[PDB]
């Protein structure tokens, strides 16, 4: 084993406590931009999961998309939310999160360890159409939230850096249309504020 | 279309800014959001065993059941809102929220909410037990974080006898034993 915490009720409860730490990991991107009361990582995954339900693609297993949305950032309960500004090399971030996912999932019975760990791997390696879709949900959810913070602050355009970072990251036809609509509305508000 | 979908998602996003009222009224610092609560419930649906249940349906129930709160807010027992009035408000809200979706999705999400509201399936009953379990777990977590063991006992008292799912009963028993050991320790 790694540790010897067993696969009974005590470890299931501890798994749930670790998952609960996600409520107390603020999303670092917003922290570093001085957003007041920023969302948690679980807030972020929650809306992604709903987005997987309501943004259509008949070619995808949406049950799997929902599960991927709910599991993909789970390592952050241990690792925290590493942002670009933290300058952690991709390989190191991978190593930390993989080791964390091993620690987290080993608290579960073998069948559930396997499922959750394999969901995480599917997302990390972007090995499926479902994974690639969910990654675009993540980026879309982020820029939507950016626009929402700008609106709440009455500072249109303040969080432009987030939009710039999503350049050429979108290709799913439904998400592309959602993003175009979002950027149009936002840009309308920016222009309206300018006059 | 995309515009209405965006409007729907902004409404859903409001859940991030609805604090769970039970904790607010107990002076918890930085209390969890309603979406925080549904998030962990959804993960619980995945990891708490029941081979008789449609688990992905349980996941969706967890993610939809409190969704009306984006318009209604999180009504707590201390708010003294009659059951019928709360139901009326949340039903009206869900109709408003879901009407922003295309037909098939409007129907699905509304029917999920309704299934949980009316507790009309084994899945709904399971998810209601997840909700209560998630709540008392969070109560003990705040007690631990505050270093005020037992402070939120009222939440435990409110769930007394409300658990009957065998796996959830096991988890709850473990939780209460660990917590009571902590309280007993503090009491000495």
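In chain A, numbers come from Swiss-Prot; the residues present are 6-200, in order.
Per the header: X-ray crystallography, 1.8 Å.
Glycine is no exception: its Cβ is also placed from the backbone N, Cα and C atoms.
Among the features that Swiss-Prot reports, divalent metal cation 2 binding site is placed at A:81, A:86, A:87.
In this view, residue A:87 (divalent metal cation 2 binding site) is surrounded by 16 other Cβ atoms within 10 Å of its Cβ, with every protein chain counted. Listed in chain order, the extra residues whose Cβ falls within 8 Å of the Cβ center of the divalent metal cation 2 site residues A:81, A:86, A:87 are A:30, A:33, A:46, A:78, A:80, A:84, A:85, A:88.
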